[PDB]
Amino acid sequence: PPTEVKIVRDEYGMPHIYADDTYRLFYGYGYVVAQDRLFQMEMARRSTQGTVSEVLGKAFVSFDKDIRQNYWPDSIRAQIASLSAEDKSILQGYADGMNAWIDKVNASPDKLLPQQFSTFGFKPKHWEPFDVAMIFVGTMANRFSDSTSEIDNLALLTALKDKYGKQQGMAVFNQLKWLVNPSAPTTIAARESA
């Protein structure tokens, strides 16, 4: 049937998911994920949106600030709003798959709720597509792929110019932080392309 999602876990607990369209396929993913790494993910959610102190308290305020200072939710919402339904199904499926398990967990806390939630004194809540996009956006984009030290570099340069003078200051800057180094081991041999 086009209404079914099958779930098969191998020897080491690894889920394989079997389904006939995009929404149900990722709904399955969401479901097995909420079983395996609920908590890891709830906390990844909060990390990636700077909503950590909401439950862990005063210690994580600067972190929350830092995160939210470092993106613009509305851009992410606009991007999602501007997807096809086919693409939008991936996210909405995932979020609902997760939400389905959480409903069961908030229906059998005494047998299903991961201990951490009891230990850290809060309960999991429902996921929306924005939340699931941000797991990726707030890690892969906003951590890795978000590297500058251009301000520090300028500080360094001005300190070098002060000692050494202007022309030599820059020459030393080039010696410490070259743009490009001809002798660098490259993953694509020079015979093939520059």
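Residues carry their position along the shown sequence, with the first being 1.
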| item | value |
| --- | --- |
| Mean C-alpha B-factor comparison - 148 to 156 and 31 to 39, higher one | 31 to 39 |
| Higher-scoring stretch by recorded Cα B factor average, 83 to 91 or 107 to 115 | 107 to 115 |
| Criterion, highest CA B-factor; candidates, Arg68, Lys161, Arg46, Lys125 | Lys125 |
| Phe120, C-alpha B-factor rank within chain (lowest, middle or highest third) | middle |
| Entry-reported Cα temperature factor of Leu176, expressed as the chain third it lands in | lowest |
| Entry-reported Cα temperature factor of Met170, expressed as the chain third it lands in | middle |
